[PDB]
Amino acid sequence: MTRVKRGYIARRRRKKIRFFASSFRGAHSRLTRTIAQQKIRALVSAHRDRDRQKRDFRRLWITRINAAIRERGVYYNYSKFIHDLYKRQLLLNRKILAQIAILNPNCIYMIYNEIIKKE
Amino acid sequence: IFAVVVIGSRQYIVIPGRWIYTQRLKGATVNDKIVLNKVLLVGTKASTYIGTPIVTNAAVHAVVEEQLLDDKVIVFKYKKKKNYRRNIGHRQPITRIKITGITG
Amino acid sequence: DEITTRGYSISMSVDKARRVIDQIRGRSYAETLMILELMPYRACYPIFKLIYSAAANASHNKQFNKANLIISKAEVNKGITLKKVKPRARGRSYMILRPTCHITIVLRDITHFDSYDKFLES
Amino acid sequence: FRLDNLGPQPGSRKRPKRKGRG
RNA sequence: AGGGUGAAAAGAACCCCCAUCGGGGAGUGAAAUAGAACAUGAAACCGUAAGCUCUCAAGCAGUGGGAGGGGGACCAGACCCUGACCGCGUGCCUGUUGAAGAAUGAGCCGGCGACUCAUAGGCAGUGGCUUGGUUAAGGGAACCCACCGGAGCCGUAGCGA
RNA sequence: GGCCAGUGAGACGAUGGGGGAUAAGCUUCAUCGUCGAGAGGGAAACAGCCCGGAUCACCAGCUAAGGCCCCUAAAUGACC
RNA sequence: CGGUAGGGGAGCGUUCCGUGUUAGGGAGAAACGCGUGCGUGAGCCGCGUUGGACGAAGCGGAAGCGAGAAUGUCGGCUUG
């Protein structure tokens, strides 16, 4: 059955898959199949890294402080630290706000003396 | 000033002089001023720490820079057991802020 | 690309050849004609008349002196091939192809800017 | 009286619409 | 197997290199980055040039975080292109209770290639009419397949051999 | 009740019984759950075991199972 | 609001035709890039370059309606 002639139609269905493939190391950007198995990866992993992006930092923040705990005095855990604020009443200074360690370590030094007084 | 406001579920340490792509602010129109008295941390010399939720005095002031979904990230997924390829674009007005007043 | 002269449908190849032009690249019009006449490769022709083809003409056709000439661009490309057939065993594992070449080089003056300066008190 | 703005808006048939679903 | 340079070919004198094959100029034409492989001429494939990464680093190698470098920014406001390194991480499809594979099909690309059509019947949506509804052949001064034709079929009473 | 289906060689774990030596992710039935037609977290890596069962974004918090010397976040915390 | 086979409910695009010698085009289709804005998506719109001719907005109608695998078919082109 003489189709309606794919012509340019089936031409756009492949090049569009190539435009997306313009930053890959391997030859997964110069073939519909090599990219077919490539896009799916960036089609599944993408659906993951999007939710993993939050977890990826969940360990970071804790690690950021962890490296800052092995110097002060509370060699115990940063948990007791969080416990102090919890039992206290500070809904601030979150895992993200833990950036006070690196820059201006003078502010993060105050809470260090406020956690001991509470507990 | 080290301020910790609330976007509804997010609490960044938005340092004065930088913008933050907040969520949707139906209460605030384009090029409108917004105030969040829900700030927790405060600069002023030593990092002050209030007791009861949020702060009782002072607040944050700034002006939104128009709302828009910026760039359609277009999230998606995939399955092996069965060919299931679908694409969906997420809007998110990512309303940016501003602020400038900085302090220790 | 000032002057580009050569040809096509050469009886040479694309693999064995080219390896000769990759040595004359970035070389003057002389340093290239003093090496080809020593290259025991067939590719030396008609590539020999090539370096001479790109030159000479660019001397009376355009304003380019014999000197300061250097091979700017040079590359060998495969043209049209012929599908030949050669018996061997029931005739099956055959295709045959004659990788022809039609290189196209170009010559042009050289930049460079020297201006030595010294002081001589007397 | 037609508005000289290149774009008439009379009222003929244009389309016979659809006829049921499915 | 193999289609068309252009409107008319004026389809290329002469000049230069070569073995008086081939090419480049000079000219013709609105075009020859249209000239006899010639129209528009993508992809697979095959190269040059430029920026970045690249010898102590390994596993379908992308992705998330992410320094530096070559450029482009705004009379800071920390962004647009490449990417060291790092956390995870065993193609697709088919067939199966179950595989990434030692399960199988596929070298790549362009084109091409698999539930359409006729008649009839039973439903669903919708439309005209209505216990009525509706024709088939045929005729037709037919801008026209209308009109006429209701021969015939279906339904409102059934049940029983 | 009516229109269109699909599928009839499924597997595994717990529990209650026939086959085998109460030997097998072996085979043949009943019941529940999972895989098979739902990822992910945990058991190093093991679909079927455990927790929980994914509209989506988010440098947002708290938990389940499983853990907390380092390697991948988390007690070489206290008492016997 | 995970989802296979399946069932049901909504649309895009392609060739052609009716509504079109109306309108857009030599101050110019087609082929490639880009604006990475827009829609749930397949895509659409605008535009630069190249290039050479027509093509076609909207609704509906009629389709031989878009495949990277059936040891496919034809042609061209890699690798050993």
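Parameters and conventions
- Residues numbered from 1 in each chain as written, not as in the entry; some residues may be left out.
- Chains lettered and ligands numbered in written order.
- Part of a larger assembly, values for the part shown.
- Heavy atoms only, no water.
- Helix = DSSP H or I, 4+ residues; strand = E, 2+ residues; numbered from the N terminus.
- Rg over C-alpha atoms; globule rule 2.2 N^0.38 Å.
- Buried < 20%, exposed > 50% of the residue type's maximum accessible area, 1.4 Å probe, protein only.
- Near = heavy atom within 4 Å.
- Polar contact = N/O pair within 3.5 Å; in protein donor to acceptor, adjacent residues only side chain to side chain.
- Nonpolar A, V, L, I, M, F, W, Y, C, P; charged D, E, K, R; others polar.
- Contact = heavy atoms within 4.5 Å.
- Buried area = accessible area lost by both parts, 1.4 Å probe.
- Salt bridge = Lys/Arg side-chain N within 4 Å of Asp/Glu carboxyl O.
- Core = buried A, V, L, I, M, F, W, Y, C linked by side-chain atoms within 4.5 Å.

- In the PDB header, cryo-EM is given as the technique by which the entry was determined, and 9.4 Å as its resolution.

1. Focus: the overall build of chain A
Right, so step 1: Counting its regular elements, chain A contains five helices and zero strands.
Right, so step 2: The N-to-C order of helical and strand elements in chain A reads α-α-α-α-α.
Right, so step 3: Here the C-alpha atoms of chain A give a radius of gyration of 26 Å, more than 25% beyond the 14 Å that 2.2 N^0.38 yields for 119 residues.
Right, so step 4: In terms of principal-axis extent, the alpha carbons of chain A reach across some 85 × 25 × 25 Å.
Right, so step 5: Burial statistics for chain A: of 119 residues in total, 26% are counted as buried.

2. A few points about the protein's contact with RNA strand F
Right, so step 1: Lining the immediate surroundings of RNA strand F are 26 residues, of which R50, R52, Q53 and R94 of chain A together with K82 of chain B lie closest.
Right, so step 2: The protein-proximal atoms of RNA strand F, defined as those within 4 Å of the protein, are 79% sugar or phosphate.
Right, so step 3: At a separation of 2.8 Å, a phosphate oxygen of RNA strand F approaches a polar side-chain atom of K95 of chain A.
Right, so step 4: Between RNA strand F and the protein, one listed contact pairs a phosphate oxygen with a side-chain N or O atom of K82 of chain B at 2.7 Å.
Right, so step 5: Sorting elements by how many residues they give to the surface near RNA strand F places helix α3 (residues 41–69) of chain A first, with ten residues.
Right, so step 6: Of the residues contributing to the surface near RNA strand F, the split by class is eight nonpolar, seven polar and eleven charged.

3. Quick look at the side chain of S29 of chain A
Right, so step 1: Along the chain, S29 of chain A falls in the loop between α1 (9–19) and α2 (32–39).
Right, so step 2: With near-sequence residues (within four places) excluded, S29 of chain A lies in contact with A21, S22, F24 and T34 of chain A.

4. A few points about the interface of chain B and chain A
Right, so step 1: Across the contact, 21 residues belong to chain B and 21 residues belong to chain A.
Right, so step 2: Here chain B meets chain A over a buried area of about 1,900 Å², counting both sides, of which 70% is carbon and sulfur.
Right, so step 3: Together, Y49, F76 and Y78 of chain B form the three largest contributors to the area buried by chain B at its contact with chain A, with a combined 35%.
Right, so step 4: Inspection of the region where chain B meets chain A yields zero salt bridges.
Right, so step 5: In this assembly, chain B and chain A are joined by three residue pairs in polar contact.
Right, so step 6: Looking at which element gives the most residues to the side of chain B that touches chain A, the answer is strand β3 (residues 75–77) of chain B, with three residues.
Right, so step 7: Here the residues of the side of chain B that touches chain A sort into 13 nonpolar, six polar and two charged.

5. With respect to the protein's contact with RNA strand G
Right, so step 1: Residues in contact with RNA strand G amount to 34 residues; listed here are only the nearest, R3 and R13 of chain A, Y84 and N87 of chain B together with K14 of chain D.
Right, so step 2: In RNA strand G, atoms within 4 Å of the protein come 81% from sugar and phosphate.
Right, so step 3: The side chain of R6 of chain A places a nitrogen or oxygen atom 2.8 Å from a phosphate oxygen of RNA strand G.
Right, so step 4: At 2.7 Å from a sugar or linking oxygen of RNA strand G is found a main-chain nitrogen or oxygen belonging to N87 of chain B.
Right, so step 5: By residue number, the principal contributor to the surface near RNA strand G is α1 of chain A, which donates six residues.
Right, so step 6: Considering only residue class, the surface near RNA strand G consists of twelve nonpolar, five polar and 17 charged.

6. Regarding unusual backbone geometry
Right, so step 1: With an omega dihedral of 0°, the bond running from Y45 of chain C to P46 of chain C counts as a cis peptide bond.
Right, so step 2: Position of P46 of chain C relative to the elements: it lies in helix α2 (residues 44–54).
Right, so step 3: If you check the backbone angles, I54 of chain B has positive phi at about 45° while not being a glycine.
Right, so step 4: Exposure remark for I54 of chain B: the relative accessible area of 28% places this residue in the partly exposed category.
Right, so step 5: Positive phi outside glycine occurs at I99 of chain B, with the angle close to 65°.
Right, so step 6: Following the sequence through the fold, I99 of chain B ends up in the segment after β4 (86–88).

7. What to know about the nonpolar core
Right, so step 1: Ranked by internal contacts, the top residues of the largest apolar core, which has 32 residues, are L92, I100 and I115 of chain A together with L41, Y49 and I99 of chain B.
Right, so step 2: Those elements giving two or more residues to this core turn out to be α4 (78–88) and α5 (110–118) of chain A.
Right, so step 3: Among the elements that line this core, the one with the most residues is α5 of chain A, at three residues.
Right, so step 4: Sequence-distant contacts of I99 of chain B, that is, excluding residues within four places in its chain, are made with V14, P16, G17, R18, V60, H61 and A62 of chain B.
Right, so step 5: Counting 21 residues, the second-largest nonpolar core is a separate cluster that includes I24, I71, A74 and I105 of chain C.

8. Topic: the arrangement of the chains
Right, so step 1: One finds no contact linking chain B with chain C; the least C-alpha distance across the pair is 39 Å.
Right, so step 2: Separated without contact, chain B and chain D have their nearest C-alpha atoms at a distance of 26 Å.

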